[PDB]
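See structure below.
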Amino acid sequence: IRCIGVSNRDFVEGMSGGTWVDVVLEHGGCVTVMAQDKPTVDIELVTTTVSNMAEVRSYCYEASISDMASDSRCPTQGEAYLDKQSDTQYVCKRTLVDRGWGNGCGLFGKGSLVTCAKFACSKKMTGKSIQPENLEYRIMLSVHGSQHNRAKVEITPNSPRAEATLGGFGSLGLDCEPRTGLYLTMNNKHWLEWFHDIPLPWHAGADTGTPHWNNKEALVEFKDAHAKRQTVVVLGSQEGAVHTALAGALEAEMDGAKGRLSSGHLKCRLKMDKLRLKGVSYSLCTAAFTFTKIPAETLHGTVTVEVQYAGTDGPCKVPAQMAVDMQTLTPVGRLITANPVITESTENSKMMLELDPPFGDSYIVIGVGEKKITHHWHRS
Amino acid sequence: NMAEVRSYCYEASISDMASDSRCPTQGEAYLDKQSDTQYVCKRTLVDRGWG
Amino acid sequence: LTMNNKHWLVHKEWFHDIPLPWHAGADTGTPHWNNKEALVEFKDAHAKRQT
Amino acid sequence: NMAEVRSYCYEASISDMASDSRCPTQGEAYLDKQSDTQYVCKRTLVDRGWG
Amino acid sequence: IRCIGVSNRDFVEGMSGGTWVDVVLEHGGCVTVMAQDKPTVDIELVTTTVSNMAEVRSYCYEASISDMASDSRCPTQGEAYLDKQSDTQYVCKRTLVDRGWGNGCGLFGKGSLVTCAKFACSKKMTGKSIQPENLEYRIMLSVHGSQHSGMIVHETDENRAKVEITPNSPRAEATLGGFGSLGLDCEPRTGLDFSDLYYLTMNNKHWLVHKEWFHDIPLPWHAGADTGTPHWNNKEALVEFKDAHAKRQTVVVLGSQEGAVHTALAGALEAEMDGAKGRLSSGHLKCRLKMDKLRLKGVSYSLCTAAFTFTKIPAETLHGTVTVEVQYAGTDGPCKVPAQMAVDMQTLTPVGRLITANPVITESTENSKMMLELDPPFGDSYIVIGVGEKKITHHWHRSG
Amino acid sequence: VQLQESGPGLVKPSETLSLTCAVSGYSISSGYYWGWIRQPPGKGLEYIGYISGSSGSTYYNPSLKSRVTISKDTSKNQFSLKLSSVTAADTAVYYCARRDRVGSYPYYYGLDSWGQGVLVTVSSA
Amino acid sequence: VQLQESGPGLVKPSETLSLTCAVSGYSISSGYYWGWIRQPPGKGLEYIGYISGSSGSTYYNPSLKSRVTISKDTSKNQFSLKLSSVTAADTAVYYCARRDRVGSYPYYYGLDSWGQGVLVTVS
Amino acid sequence: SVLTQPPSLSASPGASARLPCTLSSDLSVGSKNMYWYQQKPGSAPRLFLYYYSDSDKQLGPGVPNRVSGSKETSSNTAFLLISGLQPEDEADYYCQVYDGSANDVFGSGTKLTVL
Amino acid sequence: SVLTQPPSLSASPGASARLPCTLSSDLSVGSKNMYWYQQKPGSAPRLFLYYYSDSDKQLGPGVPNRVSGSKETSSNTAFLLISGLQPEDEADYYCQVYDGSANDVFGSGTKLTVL
């Protein structure tokens, strides 16, 4: 029975009569669902994987300068010009520089200068759109009466209605909305309006043979003019700069073409008309048990106990409840594992059950008359 | 001509991610690399139980 | 607690912050001592060198 | 049948005294044994000049 | 020139013309005293030696017991007794234990038992007395006007003198062959020592200790200097007797008390001993020096003609003064080197002060080195070490 | 989590020996450590090393300082082992195994999934 | 501050050497690491090691891993060197040196006080 | 670093078989994660039982609860206890740990033989 | 790790004599304490000059200030400058430094011949 050693465990009491159970499922935070006259089922949102995302914008964070070239002209001779000035794979900037007879003019003053360099991206990030279509969730269902049949239920907005088969425990229906859940990838590490205005080069579509970047001068500088030249400087790599910009941004990483998220909060309205307790038509167990492990207390205040039935009287019903005064009655506190039942008729079989003691001092009784078993317990 | 005062690292890559865990009520965990140089370690807590 | 064949039972945090050099619960040859400066002190002299 | 948690040292012996120093304007001093897990070091300021 | 590189440098200027000069010397602290018609002199207390002191009280911080024995008698049989319980160097305790028929007896109630163990010390700490019979203060002297570099680097000639001081011989006059004798009668006291302090040595490290604190250390001890078999006092300080009423009282020794008193003796002064000279590391020696025979060696010298160069660039002290080392290029005798501070060039009017009185080049060889310290005025100024043409000039900045 | 080991039967002395196993049912690029452990029949177990599915890090037996070199092929989902310059005494049965070292519930630190075994001998005749 | 050297001038191979240096003018039990440095005839210098003057820690040359053993005795103010299992390449002139290596004044780290030198031939 | 193991073991069916594994003098058995493998000739050694303490222990897949573990730090030896000896368990067992540099050290091979 | 020095070096009396000592690739000369020793034939090698920079330097006892030092981190070489070559400066000069494990590394030894 999963969802037993989780700190983010949410136990909810469904309505006494009906098929109406509502569940909120976080990623890493599971929910233990208990009914009144029906079994107990622990459910968990285990994975949230994405599929077939489209490429919207791709930003470059490491660029390179390849073909350095320029052109200059004496004053009163017009402005400069290069053939690579109009190429979309080049960055250019024109300014004036001091010159005269010492430079090769016939008159002094400002000389027109243009400088162009061939742009090339080394490392780029890409953003992908998620689109409810081809987006999946996964819920795990584990029923009580186990030791240490469970099933998995898949959900997709194309078919959010889900029907899980639990075998002898019956079926469990669940109708989830997923309307609450809804893509950066940089160095093969991925994260989740903004990203529209990141000051980096970018191209919209998928990988062209030779991509055409926009706002390339945001990474290529033509700043330092010594009044006699124009230097260029590329901003290097911008990977760590955008790494520190992800203050609390939700992350996710998986491969290949199937990325696993780390967020949850699914709103599910599940119906359980078609599930029944495994052991109702069973008789009581007459043989004695044996405490395999010491009963421990979970993070929320419940007690787990694992016993071993020694006898061929099974499959039978395992009696158990709190022990308040130890002379006449079990009904103190609460039982969480609804109707614990031994499943195998072999002499030695292992079974585990979960129980909720009262907010005080008591014992734990499991047995019938002679050959009973009793362990002492205190609730905080 | 100058002496070298200090060199910083701006691009680094890790390897040999080895961890170790002990169950609750039984103290802390330990690894022989947390005392070893050129390594980085962090001790934390995790949900533990019967499962 | 065991020290020079003399044994005791000590409280939770009183043993944690004993101001002495220490190593964790894993024994190997030539152990790594932590906070050795608590037992080795070097404070200033008149000048020109510390002892 | 218990396991050790911490081991404190109450009798420690020092060895291999070494030092390295640089003059005021030249910068901070350094010794190779600073990176060694078996050595304790300390940086302090001392008088320096024409003397 | 033994006070230049010192950070705890203390300048002192007395009344010009008179012999009234009182100086406070400190251990590691250097004193630079300058006069008007006398050469600037540096004095420092370099050593405070303590030799041939005697023991007063020796404490034991590590002891080990042996020959543990007990004697017990059932009630109504009086009190127990052991043969070695009256012997010295033994620790004993008499108490009661539960006794009855189960132990072998005729009556019930509290018995009577005494336990004893043979005391023996493993490591001792000794507290000596600092008596004025041996204090041997040493005061190093260094005069200005020569001595290119260093503090002193240790020969017979002048420019460096040493002074010996003892509370029974405080009068001492250090002779300076060329500069005349300098005399002082330092009060050997008001330096740290007086009736209250002791010289404590425990393992191999040594400290000074207020005797009122040393007399009440809760540890075993004996008075004199018993070498082989001491008679210890209060042996019970280390031998604890846990005895709870059940049975079998136990004896426990409280380990070693070396570092336990290391932390208790925190602010007390220290001392590094070197096998019976026991050098000190503190001093507040107050001196009164006589300058009736102190006079500059050079005031009758002639001004030098040839020029110099700068060996190294001038440096700045921690008090705002500047060092200058120049090298003379010429075979003049013991002449005088022209040097001054001036911000008004082409006139060479003095604006700054002179720390080293009468700077000269003593050796009359070809090219010698000489050092001089100057007190420059606040702000931009020049230093000039030269004679008119072919002189040397350096720019200086003071305090901004 | 099937592990399928296979390779040649005989490698000659002073020759580089190599074996490989494919992880038939689990992707390598997920974190688990994949390694080789050899033992002659009747002799105790001796590990050769293990390779990472995430970073590619390799750490081997101290005796085989430069003798072994564990290879890898992540795309095809296989990992190999290249013991260079074998000796005559290296005759043993080799095993393919998978373990974890990144803190997954210490039981998984020991090699939980093994292979089938490949008998290798070093001879001349 | 003087260093006197002693030992056999000529030694046969496969025998532990025996050198001993008496410190005439300074006490060893204050600091000032004491070292040994040899020199092949006609070629450069090759240091042997040193021993601490207070604690006694010895440290040697990488090539002379286990063939050297430095001892000392402050009663006679001497320190010795033993070169076990000498070889033919060990023919050299041996020098006793001293160094500060502790505290400030980095100039004193270099070997300021040397020895006269003892010629050692192997045959 | 090496771990010692007993070569011979014999016990009656239904008794408690004690399998020791003595770590070397450089290791403390109380702070090491013990691993136990079971091997029969013709089969790769299956992982049988992991044990570090009575509150830190994990059995193997399909291993009955009659397989326990224990440690004696006085003699520095780890144990493998099997009560109620059934014939299916007769095989050779190994113990294993990882030392400072994460090197696996195995044992000599305990030949378990149930009478 | 070894330091290299040229065998021969000669200059007229007067003019400066620059004596190089190239450090190995694993050492940075700009951050090492250089030591220079002067050795005349049939005598013990005397310590001549310690040099770390022109503001961290100390000559030998009784050595004139006409001996200086300088470091060239471009070629990773240390220098021993001697201006004013007198007949008494003709000797064999060695360089020496520390290393990671405090091993004194010596140079080849520049043999200075004066004319």
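Note on naming: chains are A, B, ... as they come in the structure tokens, residues start from 1 per chain, ligands start from 1 in the order shown.
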
I'd like the superposed copy of chain H - fitted to chain I by least squares over all paired Cα atoms - as a PDB file with C-alpha atoms, in the first residue's frame.
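superposed-v9.pdb was written with the following content:
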ATOM      1  CA  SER H   1      60.346  19.767 -11.693  1.00  0.00           C
ATOM      2  CA  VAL H   2      63.740  21.233 -12.620  1.00  0.00           C
ATOM      3  CA  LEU H   3      65.230  24.656 -13.383  1.00  0.00           C
ATOM      4  CA  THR H   4      67.247  25.398 -16.520  1.00  0.00           C
ATOM      5  CA  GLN H   5      70.427  27.483 -16.453  1.00  0.00           C
ATOM      6  CA  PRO H   6      72.906  28.801 -19.037  1.00  0.00           C
ATOM      7  CA  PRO H   7      76.354  27.163 -19.050  1.00  0.00           C
ATOM      8  CA  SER H   8      78.373  29.950 -20.689  1.00  0.00           C
ATOM      9  CA  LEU H   9      78.477  33.675 -19.944  1.00  0.00           C
ATOM     10  CA  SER H  10      80.926  36.396 -20.975  1.00  0.00           C
ATOM     11  CA  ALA H  11      80.795  40.154 -20.461  1.00  0.00           C
ATOM     12  CA  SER H  12      83.070  43.184 -20.366  1.00  0.00           C
ATOM     13  CA  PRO H  13      84.235  44.620 -17.023  1.00  0.00           C
ATOM     14  CA  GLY H  14      81.855  47.423 -16.103  1.00  0.00           C
ATOM     15  CA  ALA H  15      78.840  46.067 -17.997  1.00  0.00           C
ATOM     16  CA  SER H  16      75.626  44.579 -16.588  1.00  0.00           C
ATOM     17  CA  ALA H  17      75.749  40.776 -16.449  1.00  0.00           C
ATOM     18  CA  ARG H  18      72.364  39.088 -16.904  1.00  0.00           C
ATOM     19  CA  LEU H  19      72.081  35.598 -15.408  1.00  0.00           C
ATOM     20  CA  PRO H  20      68.833  33.819 -16.360  1.00  0.00           C
ATOM     21  CA  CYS H  21      67.170  30.942 -14.519  1.00  0.00           C
ATOM     22  CA  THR H  22      64.198  29.440 -16.362  1.00  0.00           C
ATOM     23  CA  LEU H  23      61.720  27.503 -14.237  1.00  0.00           C
ATOM     24  CA  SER H  24      59.947  24.483 -15.688  1.00  0.00           C
ATOM     25  CA  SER H  25      56.496  24.605 -17.271  1.00  0.00           C
ATOM     26  CA  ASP H  26      54.850  23.402 -14.035  1.00  0.00           C
ATOM     27  CA  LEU H  27      56.017  26.469 -12.073  1.00  0.00           C
ATOM     28  CA  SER H  28      55.191  30.177 -12.280  1.00  0.00           C
ATOM     29  CA  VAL H  29      58.283  32.312 -11.709  1.00  0.00           C
ATOM     30  CA  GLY H  30      56.219  35.241 -10.414  1.00  0.00           C
ATOM     31  CA  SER H  31      55.032  33.397  -7.293  1.00  0.00           C
ATOM     32  CA  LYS H  32      58.263  31.599  -6.313  1.00  0.00           C
ATOM     33  CA  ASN H  33      60.883  32.828  -3.846  1.00  0.00           C
ATOM     34  CA  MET H  34      64.146  32.840  -5.804  1.00  0.00           C
ATOM     35  CA  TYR H  35      67.444  32.101  -4.066  1.00  0.00           C
ATOM     36  CA  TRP H  36      70.887  32.670  -5.582  1.00  0.00           C
ATOM     37  CA  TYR H  37      74.058  30.967  -4.343  1.00  0.00           C
ATOM     38  CA  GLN H  38      77.646  31.662  -5.400  1.00  0.00           C
ATOM     39  CA  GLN H  39      80.296  28.941  -5.440  1.00  0.00           C
ATOM     40  CA  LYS H  40      83.973  28.821  -6.350  1.00  0.00           C
ATOM     41  CA  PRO H  41      85.852  25.488  -6.427  1.00  0.00           C
ATOM     42  CA  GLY H  42      87.190  24.693  -2.977  1.00  0.00           C
ATOM     43  CA  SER H  43      84.494  26.669  -1.138  1.00  0.00           C
ATOM     44  CA  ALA H  44      80.984  25.740  -0.065  1.00  0.00           C
ATOM     45  CA  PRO H  45      78.332  27.759  -1.950  1.00  0.00           C
ATOM     46  CA  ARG H  46      77.606  30.976  -0.079  1.00  0.00           C
ATOM     47  CA  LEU H  47      74.102  32.421  -0.194  1.00  0.00           C
ATOM     48  CA  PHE H  48      74.387  35.411  -2.533  1.00  0.00           C
ATOM     49  CA  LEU H  49      70.979  37.003  -3.175  1.00  0.00           C
ATOM     50  CA  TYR H  50      67.329  36.277  -2.431  1.00  0.00           C
ATOM     51  CA  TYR H  51      64.757  37.844  -4.749  1.00  0.00           C
ATOM     52  CA  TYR H  52      60.983  37.635  -5.102  1.00  0.00           C
ATOM     53  CA  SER H  53      60.117  41.164  -6.285  1.00  0.00           C
ATOM     54  CA  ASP H  54      61.542  44.671  -6.281  1.00  0.00           C
ATOM     55  CA  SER H  55      59.675  45.177  -2.985  1.00  0.00           C
ATOM     56  CA  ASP H  56      60.493  41.688  -1.602  1.00  0.00           C
ATOM     57  CA  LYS H  57      64.233  41.055  -1.888  1.00  0.00           C
ATOM     58  CA  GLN H  58      67.196  40.501   0.438  1.00  0.00           C
ATOM     59  CA  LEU H  59      70.881  40.571  -0.490  1.00  0.00           C
ATOM     60  CA  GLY H  60      73.664  38.528   1.072  1.00  0.00           C
ATOM     61  CA  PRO H  61      76.172  39.464   3.778  1.00  0.00           C
ATOM     62  CA  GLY H  62      78.696  41.877   2.314  1.00  0.00           C
ATOM     63  CA  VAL H  63      77.226  41.917  -1.208  1.00  0.00           C
ATOM     64  CA  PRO H  64      77.316  45.286  -3.024  1.00  0.00           C
ATOM     65  CA  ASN H  65      74.075  46.926  -4.128  1.00  0.00           C
ATOM     66  CA  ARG H  66      75.081  46.364  -7.778  1.00  0.00           C
ATOM     67  CA  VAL H  67      73.538  42.871  -7.487  1.00  0.00           C
ATOM     68  CA  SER H  68      69.841  43.061  -8.385  1.00  0.00           C
ATOM     69  CA  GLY H  69      67.072  40.703  -9.443  1.00  0.00           C
ATOM     70  CA  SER H  70      64.196  40.659 -11.899  1.00  0.00           C
ATOM     71  CA  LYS H  71      61.544  38.350 -13.330  1.00  0.00           C
ATOM     72  CA  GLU H  72      59.954  37.941 -16.770  1.00  0.00           C
ATOM     73  CA  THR H  73      56.686  36.036 -16.359  1.00  0.00           C
ATOM     74  CA  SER H  74      56.141  36.063 -20.138  1.00  0.00           C
ATOM     75  CA  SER H  75      59.013  33.603 -20.637  1.00  0.00           C
ATOM     76  CA  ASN H  76      58.866  32.415 -16.989  1.00  0.00           C
ATOM     77  CA  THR H  77      62.484  33.187 -16.110  1.00  0.00           C
ATOM     78  CA  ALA H  78      64.146  34.761 -13.073  1.00  0.00           C
ATOM     79  CA  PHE H  79      67.161  37.042 -13.434  1.00  0.00           C
ATOM     80  CA  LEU H  80      70.365  37.866 -11.556  1.00  0.00           C
ATOM     81  CA  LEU H  81      71.786  41.225 -12.659  1.00  0.00           C
ATOM     82  CA  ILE H  82      75.293  42.364 -11.675  1.00  0.00           C
ATOM     83  CA  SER H  83      76.242  45.847 -12.882  1.00  0.00           C
ATOM     84  CA  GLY H  84      79.814  47.098 -12.725  1.00  0.00           C
ATOM     85  CA  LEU H  85      81.622  43.775 -13.022  1.00  0.00           C
ATOM     86  CA  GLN H  86      84.585  43.557 -10.619  1.00  0.00           C
ATOM     87  CA  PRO H  87      87.063  40.645 -10.803  1.00  0.00           C
ATOM     88  CA  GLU H  88      86.241  39.312  -7.319  1.00  0.00           C
ATOM     89  CA  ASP H  89      82.782  38.122  -8.425  1.00  0.00           C
ATOM     90  CA  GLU H  90      83.889  35.570 -11.048  1.00  0.00           C
ATOM     91  CA  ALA H  91      82.441  32.230  -9.898  1.00  0.00           C
ATOM     92  CA  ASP H  92      79.618  29.780 -10.640  1.00  0.00           C
ATOM     93  CA  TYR H  93      76.101  30.787  -9.594  1.00  0.00           C
ATOM     94  CA  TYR H  94      73.031  28.692  -8.790  1.00  0.00           C
ATOM     95  CA  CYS H  95      69.313  29.368  -8.434  1.00  0.00           C
ATOM     96  CA  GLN H  96      66.958  27.513  -6.114  1.00  0.00           C
ATOM     97  CA  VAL H  97      63.290  27.383  -5.083  1.00  0.00           C
ATOM     98  CA  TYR H  98      61.013  25.071  -3.098  1.00  0.00           C
ATOM     99  CA  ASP H  99      58.086  23.335  -4.798  1.00  0.00           C
ATOM    100  CA  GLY H 100      54.760  22.062  -3.436  1.00  0.00           C
ATOM    101  CA  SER H 101      56.235  19.455  -1.084  1.00  0.00           C
ATOM    102  CA  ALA H 102      59.085  21.789  -0.006  1.00  0.00           C
ATOM    103  CA  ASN H 103      61.704  20.059  -2.171  1.00  0.00           C
ATOM    104  CA  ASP H 104      64.706  22.194  -3.107  1.00  0.00           C
ATOM    105  CA  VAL H 105      65.482  22.273  -6.837  1.00  0.00           C
ATOM    106  CA  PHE H 106      68.819  23.686  -7.989  1.00  0.00           C
ATOM    107  CA  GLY H 107      70.158  24.595 -11.420  1.00  0.00           C
ATOM    108  CA  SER H 108      72.906  23.489 -13.774  1.00  0.00           C
ATOM    109  CA  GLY H 109      75.540  26.025 -12.707  1.00  0.00           C
ATOM    110  CA  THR H 110      76.158  29.331 -14.490  1.00  0.00           C
ATOM    111  CA  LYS H 111      79.883  29.703 -15.220  1.00  0.00           C
ATOM    112  CA  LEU H 112      80.368  33.468 -14.972  1.00  0.00           C
ATOM    113  CA  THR H 113      83.483  34.759 -16.750  1.00  0.00           C
ATOM    114  CA  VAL H 114      84.344  38.468 -16.829  1.00  0.00           C
ATOM    115  CA  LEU H 115      86.629  39.356 -19.739  1.00  0.00           C
TER     116      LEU H 115
END

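The environment of residue 39 in chain G within 10 Å, counting only C-alpha atoms and disregarding residues fewer than 5 places along the same chain, consists of residues 44, 45, 46, 47, 48, 90, 91, 92, 93, 94, 95, 117 and 119 of chain G.
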
Please, which residues of range 85-124 of chain F, numbered as in this document, come out strand (DSSP E) from DSSP, as a list in words? residues 92, 93, 94, 95, 96, 97, 98, 99, 113, 114, 118, 119 and 120 of chain F

Report as JSON, numbers by chain all protein, DNA and RNA residues lying within 6 Å of range 135-140 of chain E, evaluated on only C-alpha atoms, omitting residues in the same chain fewer than 4 positions from it. {"E": [43, 44, 45, 46, 47, 48, 49, 50, 161, 162, 163, 164, 165, 166]}

Expected file contents, prior selection, N, CA and C atoms, as a short mmCIF file (atom, residue, chain, number, x, y, z; two decimals), in the first residue's frame:
data_model
loop_
_atom_site.label_atom_id
_atom_site.label_comp_id
_atom_site.auth_asym_id
_atom_site.auth_seq_id
_atom_site.Cartn_x
_atom_site.Cartn_y
_atom_site.Cartn_z
N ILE E 43 66.49 53.77 21.74
CA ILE E 43 66.66 52.87 22.86
C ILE E 43 65.49 51.89 22.89
N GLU E 44 65.78 50.65 23.26
CA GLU E 44 64.76 49.61 23.31
C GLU E 44 65.15 48.58 24.36
N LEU E 45 64.14 48.04 25.04
CA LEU E 45 64.33 46.95 26.00
C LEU E 45 64.13 45.64 25.25
N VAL E 46 65.21 44.89 25.05
CA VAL E 46 65.19 43.74 24.16
C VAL E 46 64.98 42.44 24.94
N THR E 47 65.47 42.39 26.17
CA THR E 47 65.42 41.15 26.94
C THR E 47 65.21 41.47 28.42
N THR E 48 64.43 40.62 29.08
CA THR E 48 64.22 40.67 30.53
C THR E 48 64.47 39.25 31.05
N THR E 49 65.73 38.95 31.36
CA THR E 49 66.13 37.60 31.74
C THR E 49 65.90 37.36 33.22
N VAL E 50 65.53 36.12 33.55
CA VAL E 50 65.26 35.71 34.92
C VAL E 50 65.99 34.39 35.15
N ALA E 161 75.12 50.21 20.91
CA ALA E 161 75.55 49.98 22.28
C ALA E 161 74.54 49.10 23.00
N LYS E 162 74.98 48.50 24.10
CA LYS E 162 74.14 47.66 24.94
C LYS E 162 74.29 48.09 26.39
N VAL E 163 73.20 47.96 27.14
CA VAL E 163 73.14 48.40 28.53
C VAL E 163 72.64 47.24 29.39
N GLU E 164 73.33 46.98 30.49
CA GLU E 164 72.93 45.96 31.46
C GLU E 164 72.35 46.64 32.69
N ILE E 165 71.21 46.14 33.17
CA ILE E 165 70.49 46.72 34.30
C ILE E 165 70.15 45.61 35.28
N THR E 166 70.30 45.90 36.58
CA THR E 166 69.93 44.98 37.64
C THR E 166 69.43 45.81 38.81
#

Listing only residues of chain C within 8 Å of chain H, what is the closest atom pair and its distance in Å (to one decimal) for each, using only C-alpha atoms, sorted by chain and residue number ascending, as CSV?
residue,atom,partner,partner_atom,distance
C:25,CA,H:31,CA,7.0
C:26,CA,H:31,CA,6.1
C:27,CA,H:28,CA,6.4
C:28,CA,H:26,CA,6.1
C:29,CA,H:26,CA,6.6

For residue 104 in chain G: contacts at 7 Å, only C-alpha atoms, fewer than 6 positions along chain excluded, given as an MDAnalysis selection string: (chainID C and resid 48:49) or (chainID D and resid 21)

Write out as a PyMOL selection string the residues lying within 12 Å of residue 3 in chain C, counting only C-alpha atoms and excluding same-chain residues fewer than 4 positions away. (chain C and resi 7-9) or (chain D and resi 7-11) or (chain E and resi 255)

Using C-alpha atoms, can you export the residues from the last selection as a short mmCIF file (atom, residue, chain, number, x, y, z; two decimals), in the first residue's frame?
data_model
loop_
_atom_site.label_atom_id
_atom_site.label_comp_id
_atom_site.auth_asym_id
_atom_site.auth_seq_id
_atom_site.Cartn_x
_atom_site.Cartn_y
_atom_site.Cartn_z
CA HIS C 7 32.51 5.57 30.49
CA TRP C 8 29.47 7.81 30.93
CA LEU C 9 26.09 8.70 29.41
CA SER D 7 35.22 10.93 18.27
CA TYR D 8 36.78 13.90 20.07
CA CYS D 9 40.51 14.33 20.65
CA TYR D 10 41.74 15.53 24.04
CA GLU D 11 45.50 14.87 23.61
CA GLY E 255 42.82 12.51 34.78
#

Residues near range 95-101 of chain E, anyone? I mean within 9 Å using only C-alpha atoms, not counting same-chain ones fewer than 5 positions away, as a PyMOL selection string. chain E and resi 72+74-75+106-115+243-249

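With the cut-off set to 10 Å and only C-alpha atoms counted, chain E residues close to chain I are residues 153, 311, 312, 313, 327, 368 and 369 of chain E.
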
Using only N, CA, C and O atoms, please write the residues we just selected to a file, as a compact mmCIF listing (two decimals), in the first residue's frame.
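The resulting file, selection.txt, is shown below:
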# COMPACT_ATOMS: atom_id res chain seq x y z
N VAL E 153 73.09 44.28 12.62
CA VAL E 153 73.47 42.93 12.19
C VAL E 153 74.99 42.84 12.10
O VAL E 153 75.57 43.17 11.07
N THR E 311 70.02 54.88 -3.55
CA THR E 311 70.14 53.42 -3.60
C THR E 311 68.79 52.77 -3.86
O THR E 311 68.62 52.03 -4.84
N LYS E 312 67.81 53.04 -3.00
CA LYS E 312 66.43 52.64 -3.22
C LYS E 312 65.53 53.86 -3.11
O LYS E 312 65.94 54.93 -2.65
N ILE E 313 64.29 53.70 -3.56
CA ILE E 313 63.31 54.78 -3.50
C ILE E 313 62.95 55.03 -2.04
O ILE E 313 62.99 54.10 -1.22
N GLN E 327 74.00 57.02 -1.70
CA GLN E 327 75.34 56.49 -1.88
C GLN E 327 76.24 57.61 -2.39
O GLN E 327 75.99 58.18 -3.46
N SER E 368 80.38 54.75 -0.47
CA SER E 368 79.72 54.14 0.68
C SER E 368 78.24 54.49 0.68
O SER E 368 77.78 55.39 -0.03
N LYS E 369 77.48 53.75 1.49
CA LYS E 369 76.04 53.91 1.60
C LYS E 369 75.69 54.48 2.97
O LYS E 369 76.33 54.15 3.97

Set out as CSV a contact list for chain A and chain B with a cut-off of 8 Å, giving each residue of chain A that qualifies its closest atom pair and distance in Å to one decimal, counting only C-alpha atoms, ordered by chain and rising residue number.
residue,atom,partner,partner_atom,distance
A:2,CA,B:51,CA,7.7
A:4,CA,B:51,CA,7.7
A:5,CA,B:49,CA,5.3
A:6,CA,B:47,CA,6.4
A:7,CA,B:47,CA,6.7
A:148,CA,B:51,CA,6.8
A:298,CA,B:49,CA,7.5

With a distance threshold of 12 Å and counting only C-alpha atoms, extract the residues of chain E near chain G and express them as a list in words.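 Listing them in order of chain and number gives residues 272, 273, 274 and 275 of chain E.
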
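The two atoms in question, CA of residue 131 in chain E and CA of residue 224 in chain E, are spaced 16.2 Å apart.
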
Would you return as an mmCIF file with N, CA, C and O atoms, in the first residue's frame the members of chain F that DSSP assigns to helix (DSSP H, G or I) on this structure's backbone?
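Output below, filename out-v4.cif:
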data_model
loop_
_atom_site.group_PDB
_atom_site.id
_atom_site.type_symbol
_atom_site.label_atom_id
_atom_site.label_comp_id
_atom_site.auth_asym_id
_atom_site.auth_seq_id
_atom_site.Cartn_x
_atom_site.Cartn_y
_atom_site.Cartn_z
ATOM 1 N N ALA F 88 47.943 -14.366 -18.561
ATOM 2 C CA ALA F 88 47.508 -15.757 -18.637
ATOM 3 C C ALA F 88 46.651 -16.151 -17.441
ATOM 4 O O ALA F 88 45.798 -17.039 -17.559
ATOM 5 N N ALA F 89 46.856 -15.512 -16.291
ATOM 6 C CA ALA F 89 46.135 -15.865 -15.074
ATOM 7 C C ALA F 89 44.756 -15.225 -14.984
ATOM 8 O O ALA F 89 44.037 -15.482 -14.011
ATOM 9 N N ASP F 90 44.365 -14.408 -15.960
ATOM 10 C CA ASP F 90 43.071 -13.736 -15.939
ATOM 11 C C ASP F 90 41.918 -14.645 -16.355
ATOM 12 O O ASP F 90 40.805 -14.149 -16.561
ATOM 13 N N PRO F 106 19.688 2.422 0.351
ATOM 14 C CA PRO F 106 20.986 1.732 0.219
ATOM 15 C C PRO F 106 21.005 0.289 -0.268
ATOM 16 O O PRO F 106 22.032 -0.128 -0.808
ATOM 17 N N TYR F 107 19.949 -0.500 -0.040
ATOM 18 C CA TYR F 107 19.913 -1.857 -0.586
ATOM 19 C C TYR F 107 20.344 -1.884 -2.052
ATOM 20 O O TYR F 107 21.107 -2.765 -2.467
ATOM 21 N N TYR F 108 19.899 -0.905 -2.842
ATOM 22 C CA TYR F 108 20.258 -0.855 -4.254
ATOM 23 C C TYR F 108 21.734 -0.551 -4.494
ATOM 24 O O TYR F 108 22.172 -0.613 -5.647
ATOM 25 N N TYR F 109 22.506 -0.220 -3.453
ATOM 26 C CA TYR F 109 23.934 0.012 -3.659
ATOM 27 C C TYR F 109 24.635 -1.266 -4.094
ATOM 28 O O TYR F 109 25.473 -1.244 -5.004
#
